[PDB]
Amino acid sequence: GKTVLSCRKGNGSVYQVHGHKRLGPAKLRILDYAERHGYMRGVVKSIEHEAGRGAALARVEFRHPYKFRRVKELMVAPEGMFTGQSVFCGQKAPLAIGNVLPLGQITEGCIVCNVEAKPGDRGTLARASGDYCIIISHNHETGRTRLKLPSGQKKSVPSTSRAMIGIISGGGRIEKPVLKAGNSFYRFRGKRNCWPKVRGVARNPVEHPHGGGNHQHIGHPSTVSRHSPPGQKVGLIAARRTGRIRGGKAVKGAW
Amino acid sequence: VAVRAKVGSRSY
Amino acid sequence: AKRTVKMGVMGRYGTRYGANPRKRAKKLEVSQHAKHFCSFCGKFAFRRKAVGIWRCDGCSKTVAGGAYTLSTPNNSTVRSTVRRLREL
Amino acid sequence: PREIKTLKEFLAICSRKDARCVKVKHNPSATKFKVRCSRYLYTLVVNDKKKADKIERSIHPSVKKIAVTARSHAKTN
Amino acid sequence: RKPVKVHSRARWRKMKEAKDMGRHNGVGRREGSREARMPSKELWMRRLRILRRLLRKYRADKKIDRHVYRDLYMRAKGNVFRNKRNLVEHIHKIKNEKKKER
Amino acid sequence: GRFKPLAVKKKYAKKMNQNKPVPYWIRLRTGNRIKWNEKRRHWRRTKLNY
RNA sequence: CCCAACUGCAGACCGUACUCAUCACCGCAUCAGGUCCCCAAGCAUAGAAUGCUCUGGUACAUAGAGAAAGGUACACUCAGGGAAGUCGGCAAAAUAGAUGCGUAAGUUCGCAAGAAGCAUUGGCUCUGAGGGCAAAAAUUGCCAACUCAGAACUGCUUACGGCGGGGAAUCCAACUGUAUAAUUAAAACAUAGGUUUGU
RNA sequence: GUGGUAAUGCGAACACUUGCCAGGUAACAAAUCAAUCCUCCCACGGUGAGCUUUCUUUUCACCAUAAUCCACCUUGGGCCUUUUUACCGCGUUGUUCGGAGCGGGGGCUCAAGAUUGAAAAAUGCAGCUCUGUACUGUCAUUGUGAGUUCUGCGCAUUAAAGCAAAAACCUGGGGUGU
RNA sequence: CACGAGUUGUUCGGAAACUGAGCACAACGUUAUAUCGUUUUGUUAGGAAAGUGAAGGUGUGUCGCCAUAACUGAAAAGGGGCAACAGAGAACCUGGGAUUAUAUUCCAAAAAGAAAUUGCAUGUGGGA
RNA sequence: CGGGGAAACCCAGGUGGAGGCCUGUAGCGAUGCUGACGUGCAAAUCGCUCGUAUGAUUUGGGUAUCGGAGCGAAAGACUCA
Ligand SMILES: [K+]
Ligand SMILES: [K+]
Ligand SMILES: [K+]
Ligand SMILES: [K+]
Ligand SMILES: [K+]
Ligand SMILES: [K+]
Ligand SMILES: [Mg+2]
Ligand SMILES: [Mg+2]
Ligand SMILES: [Mg+2]
Ligand SMILES: [Mg+2]
Ligand SMILES: [Mg+2]
Ligand SMILES: [Mg+2]
Ligand SMILES: [Mg+2]
Ligand SMILES: [Mg+2]
Ligand SMILES: [Mg+2]
Ligand SMILES: [Mg+2]
Ligand SMILES: [Mg+2]
Ligand SMILES: [Mg+2]
Ligand SMILES: [Mg+2]
Ligand SMILES: [Mg+2]
Ligand SMILES: [Mg+2]
Ligand SMILES: [Mg+2]
Ligand SMILES: [Mg+2]
Ligand SMILES: [Mg+2]
Ligand SMILES: [Mg+2]
Ligand SMILES: [Mg+2]
Ligand SMILES: [Mg+2]
Ligand SMILES: [Mg+2]
Ligand SMILES: [Mg+2]
Ligand SMILES: [Mg+2]
Ligand SMILES: [Mg+2]
Ligand SMILES: [Mg+2]
Ligand SMILES: [Mg+2]
Ligand SMILES: [Mg+2]
Ligand SMILES: [Mg+2]
Ligand SMILES: [Mg+2]
Ligand SMILES: [Mg+2]
Ligand SMILES: [Mg+2]
Ligand SMILES: [Mg+2]
Ligand SMILES: [Mg+2]
Ligand SMILES: [Mg+2]
Ligand SMILES: [Mg+2]
Ligand SMILES: [Mg+2]
Ligand SMILES: [Mg+2]
Ligand SMILES: [Mg+2]
Ligand SMILES: [Mg+2]
Ligand SMILES: [Mg+2]
Ligand SMILES: [Mg+2]
Ligand SMILES: [Mg+2]
Ligand SMILES: [Mg+2]
Ligand SMILES: [Mg+2]
Ligand SMILES: [Mg+2]
Ligand SMILES: [Mg+2]
Ligand SMILES: [Mg+2]
Ligand SMILES: [Mg+2]
Ligand SMILES: [Mg+2]
Ligand SMILES: [Mg+2]
Ligand SMILES: [Mg+2]
Ligand code: NA
Ligand code: NA
């Protein structure tokens, strides 16, 4: 046969990110001495939109801690952030929306976004529009904070990890029906080459395990093993169950 | 222009 | 006079996307194109400029907000919660 | 091109070392004194016929005075 | 150099005189729609500009006060007056009523 | 069109110079075998493509 | 050494012809195929439609003679009947512009709809209405551009070009889209929506 | 350096500054409406040509002004001062604006123009003369309608679409100098 | 077909001299094999890739500080390049009787002329 | 801007210029005549008819992905007849 589309995309090729109109990665400040011991005060200068991202971005201006110059950070803006707002980042930053605090300095039950999975990775959790984390509990024996992820999983991270106070801006995006193929065209214009999608049973057997037949059907169970080699691992990959779920939705992901 | 032209007035 | 009976801004779509998807998109379209109250400057002048970006015509302040409304209910709850945790 | 308004400025321009030649243009209503300097052509316009003729004389004889007239094609190639 | 060939416009000028007098423009001579021949937007813009110009002239000449000016401005935007004469008649009626009340 | 690099222009110039008939006195030489150039090129028959 | 008004001297390299196509490029060719960009007149008309014209260009396409049959046509017409033809109304015919009335079932209330239908169109001579600018100015003078109505008289051989036939239903696919370059454009693919799976 | 309440003005030490910083220009956007150069048309006159049984004060052609500068009346924005009991008022064809300062008076400034001149007639184009690529002398029409994307015009379009970047250059902040 | 001719630039297009989608020299790693991989998400390479020079000291000349040569350096993270003849950028535009063919490219003193721009210098006028 | 209504709101006349909206050029395609041609103008063209024609539109130049591989709104289509 021929290479399945799900394997051809791993070469990159014409399937990579459309990043020309993007503004760069969105990250918190570099976790430096001022963050670890005091706080840095920044000013939100602009609140901009990046192609391919549903949430707003904020341009926050800080004074360079060591040189006579100014530094502009590009962060994922929480909802309510506005131009001219004072943004405090560090150990002694007050508990307010838009400030960046160590997780250990944030009281339990506070809503946080832009959470660092690792201390110093500058924000990798709760970054999509409308998303946030919930701080469950602080443990001081291990020095780790337990927080609830947007997927419903609960994970423990060091108390020195930083997070922003509030929810990510731009929430409610997926509540509006697209209504048109052209709208999806423009939505995926800013992301990558992944649209439109052709069904496997609509293809020929040379290029997909589901192709072929005098009727459009998968002739074998679509639930495939976790150990299936690439090209064979199409359909429902290592599915624990199928159907309409029918009850409390289990938290997806590994244990 | 200001007044519409008349065919009869073309005599003069 | 009134130009349509039921569908308002959705009248641009003719007959060709379904009553219920049009109805669902109508509320969010009307909200996202409306003028929203600005707590600064006290004017109904907040307009959306791209998803999650709201700029006020009065004071020219730009805010990060919801996709189709200036402030989501979750945002109000989070603001109250954070204020209360600050007062503790 | 630069327009010079004062006869004193005209004398100063004519006194310059880059004043190649002076072209005298006789229009039906005025007389124009066009001084070909290095970079700019300075023109003095005199409405008075008698005063213009007086100005035409007493110009430095060192400079070259050109009487601007129409030159036909046969006159110049 | 021979002259250019003649392309005369005498016939068109005689026809233009006739059409100025009103000939050759009837129901059977119209091929385009009414809005194509004379757009309603253009007529509306002309009428409203005439009305606003007349109102500004009257306000500057103090024939009307600023309140009557505002009322008539909003009514002119509201398609209440068909032409200049209708607006002038309304103004005269308002002025007569004001004179009686005063 | 108007644009060509100078190296290409010189190659075209050389090909223009080579496009000549054989001189008549070549045919009168002792033991001569050349009658025509037989490498004559016409712009409408075969393309140099420089 | 700095400046700003002059002035003096000097300002190097490559391209530059022609073509850009019913003959200069690709297609074995001076091949009715293909090939990007700029400038774009008058009249009719809604007009970059279509028809004709001044400027510019061209008369280059093998021609002459010339009512055989049979052909092709980016050519017509045919009395009476009117789909009886044929697998099948294929092909042709038919409808047409503008304006005023009028317009059904069904419907996601947006449509259906130009639904369907019924009327009027010329020419000429007039009459109203629609403005700009100056000095109860609710007045006086000048002046431009087009139209839209109404009226009388007088005509049609219904007479350039361009320009929907319509209706009652059934089966598919929601729709706009895409798609077997060179026999398949579809009910196929895509598509908003919907649901799963992994993380 | 220096004027003006201010908007902001002033050019022969108002010298330098990428040591270093911070901003701008480069730089990007719909439709509606109004449009510039320019094109076409009409009116008005000149010059030539055409037609002329008859008619047509007629038909046709032409009537041009490059860059670069000098001085400085409209249109549309931004702003300043004053009056501000301004809340109804101003304004667009149009979906709006105002004590976070509408409207009125007077100004500052920007953009697009108009106008005065230098260039520039010495040029160009038509005839015409008469005495050879000759030569003298004449003309050499200034006002409107329809188009026209230059422009007004952007934190500027549908938007789960929000419309490249750099060199180069311009200002300022500090500083040097004075 | 043969012969003889024709393409003229400080300002036009390109390059000199911009970045873009991108490429891939170096560097490193891999490969029996470099003819392989990484090389823009501010950006090479376990990676010491800056040869520049703020202020100082010394000396020359310029003045009453400035410029010039040397010794000690403040600061500057992230090697070298290519990739647009429609993006950025870009100081010339009319007349000609100036051709057989080129011209915003030719025209010579009345340049038919009118400009705009660089670089370097000399005087003039002012400051160091 | 009017007209109703106690209110909620409703009814009319304008303005405005939305839409993967319609008729139609150019453009981009290719339904039927199973028309022409079928040793052709042409190794796929011609004529009329026809689809769409503000959008998931069309197009120039640069770039990137290929041989058991690439690319594919999927026809085993296309990858120099
Ligand atoms: K199958
Ligand atoms: K089809
Ligand atoms: K008020
Ligand atoms: K429309
Ligand atoms: K490839
Ligand atoms: K290959
Ligand atoms: Mg699919
Ligand atoms: Mg298939
Ligand atoms: Mg098959
Ligand atoms: Mg298989
Ligand atoms: Mg099926
Ligand atoms: Mg199935
Ligand atoms: Mg309308
Ligand atoms: Mg060419
Ligand atoms: Mg060929
Ligand atoms: Mg070549
Ligand atoms: Mg040339
Ligand atoms: Mg040429
Ligand atoms: Mg051409
Ligand atoms: Mg031919
Ligand atoms: Mg070949
Ligand atoms: Mg051909
Ligand atoms: Mg045509
Ligand atoms: Mg036409
Ligand atoms: Mg002709
Ligand atoms: Mg032939
Ligand atoms: Mg012939
Ligand atoms: Mg019959
Ligand atoms: Mg018949
Ligand atoms: Mg009959
Ligand atoms: Mg019948
Ligand atoms: Mg039968
Ligand atoms: Mg039968
Ligand atoms: Mg048929
Ligand atoms: Mg009904
Ligand atoms: Mg029906
Ligand atoms: Mg009808
Ligand atoms: Mg379908
Ligand atoms: Mg369509
Ligand atoms: Mg801008
Ligand atoms: Mg000029
Ligand atoms: Mg515009
Ligand atoms: Mg030859
Ligand atoms: Mg030769
Ligand atoms: Mg390599
Ligand atoms: Mg990378
Ligand atoms: Mg790059
Ligand atoms: Mg590295
Ligand atoms: Mg380059
Ligand atoms: Mg360019
Ligand atoms: Mg150049
Ligand atoms: Mg030539
Ligand atoms: Mg020269
Ligand atoms: Mg459409
Ligand atoms: Mg259509
Ligand atoms: Mg056939
Ligand atoms: Mg045959
Ligand atoms: Mg078409
Ligand atoms: Na289908
Ligand atoms: Na650009």
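Residue numbering restarts at 1 for every chain, and letters A, B, ... go by the order of the sequence lines.
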Paired with [N] by Watson-Crick or G-U wobble geometry, both distances under 3.5 Å: which nucleotide is it?
N: G:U121; result: G:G97
N: H:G113; result: H:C73
N: H:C33; result: H:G152
N: G:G102; result: none
N: H:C16; result: H:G175
N: G:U127; result: G:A149
N: G:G71; result: none
N: H:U136; result: none

Where does [N] land, syn or anti, given syn is within 90° of 0?
N: G:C14; result: syn
N: H:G78; result: anti
N: G:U180; result: syn
N: G:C6; result: syn
N: H:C102; result: syn

Indicate, yes or no, whether a donor-acceptor pair under 3.5 Å links the base of [N] to the side chain of [X].
X: A:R69; N: H:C21; result: no
X: C:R48; N: H:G162; result: yes
X: E:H92; N: G:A138; result: yes
X: A:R203; N: J:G76; result: no

Reckon [X] has a side-chain N or O less than 4.0 Å from the OP1 or OP2 of [N]?
X: E:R52; N: H:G94; value: yes
X: C:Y13; N: G:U176; value: no
X: E:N79; N: J:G14; value: no
X: A:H49; N: H:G162; value: yes
X: E:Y73; N: H:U92; value: yes
X: C:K35; N: H:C97; value: yes
X: C:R12; N: J:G16; value: no
X: E:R56; N: H:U92; value: yes
X: B:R4; N: G:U147; value: no
X: A:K233; N: G:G198; value: no
X: E:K63; N: G:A138; value: yes
X: E:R37; N: G:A98; value: no
X: F:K4; N: I:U7; value: no
X: D:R39; N: I:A116; value: yes

Assign [N] to north (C3'-endo side) or south (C2'-endo side) according to its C1'-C2'-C3'-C4' torsion.
N: J:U59; answer: north
N: G:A185; answer: south
N: I:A48; answer: south

Spacing of the [atom1] atoms in [M] and [N] (rounded, Å):
N: I:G73; M: H:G19; atom1: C1'; value: 13 Å
N: I:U41; M: J:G61; atom1: P; value: 28 Å
N: H:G103; M: H:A165; atom1: P; value: 37 Å
N: H:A118; M: I:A67; atom1: P; value: 48 Å
N: I:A91; M: J:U58; atom1: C1'; value: 40 Å

Would you indicate whether the side-chain heavy atoms of D:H26 and D:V68 approach each other to under 4.5 Å?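 No - every pair of side-chain heavy atoms lies 4.5 Å or more apart.
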Any side-chain heavy-atom pair of D:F10 and D:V35 under 4.5 Å: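 Touching, per the 4.5 Å side-chain cut-off.
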So does B:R10 pair up with E:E17, basic N to acidic O under 4.0 Å?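 No salt bridge links B:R10 with E:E17.
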Check the surroundings of atom NZ in E:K93: do more than 12 heavy atoms from other residues, nucleotides or ligands lie under 6.0 Å from it?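 Counting neighbours around NZ of E:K93, 12 or fewer heavy atoms of other residues, nucleotides or ligands fall under 6.0 Å, so no.
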Please produce a list of atom pairs where a protein N or O lies less than 3.5 Å from an N or O of nucleotides 134-144 of chain H.
unit_1: H:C135; atom_1: OP1; unit_2: D:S72; atom_2: OG; d: 2.4

Under 3.5 Å, side-chain donor or acceptor atoms of residues 23-32 of chain E against the rest of the protein: list the pairs with distances, not counting sequence neighbours.
unit_1: E:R23; atom_1: NH1; unit_2: E:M21; atom_2: O; d: 3.0
unit_1: E:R30; atom_1: NE; unit_2: E:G26; atom_2: O; d: 3.4

Does anything in residues 25-32 of chain D come within less than 4.0 Å of RNA chain J? Heavy atoms only, and list the residues if so.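 Those residues: none at all.
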5' priority, RNA chain G, between A:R244 and C:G11 [closest heavy atom]: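 Counting from the 5' end, the first nearest nucleotide belongs to C:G11.
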Do we see a donor-acceptor contact under 3.5 Å between the side chains of [X] and [Y]?
X: E:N96; Y: E:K99; answer: yes
X: E:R59; Y: E:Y73; answer: no
X: D:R71; Y: D:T76; answer: no

Between A:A181 and A:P205, which is nearer to the 5' end of RNA chain J once each is assigned its nearest nucleotide?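 So the residue in question is A:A181.
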Kindly list each side-chain donor-acceptor pair under 3.5 angstrom involving residues 178-188 of chain A, sequence neighbours excluded, with atom names and distances?
unit_1: A:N183; atom_1: ND2; unit_2: A:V178; atom_2: O; d: 2.8

Could you check whether C:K35 makes a cation-pi contact with C:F44, meaning its NZ or CZ is under 6.0 Å from the centre of the six-membered ring and within 45° of the ring axis?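 Here C:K35 fails the 6.0 Å and 45° test against C:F44.
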Pick out the pairs of N or O atoms, protein on one side and nucleotides 60-70 of chain J on the other, that lie under 3.5 Å.
unit_1: J:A69; atom_1: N7; unit_2: A:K2; atom_2: NZ; d: 3.2
unit_1: J:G70; atom_1: OP2; unit_2: A:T3; atom_2: OG1; d: 3.2
unit_1: J:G70; atom_1: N7; unit_2: A:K2; atom_2: NZ; d: 3.1

Taking N or O atoms only and anything under 3.5 Å, show me the protein contacts with nucleotides 41-48 of chain H, one pair per line.
unit_1: H:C41; atom_1: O3'; unit_2: E:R9; atom_2: NH1; d: 2.8
unit_1: H:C42; atom_1: OP1; unit_2: E:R9; atom_2: NH1; d: 2.5
unit_1: H:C42; atom_1: OP1; unit_2: E:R13; atom_2: NH1; d: 2.6

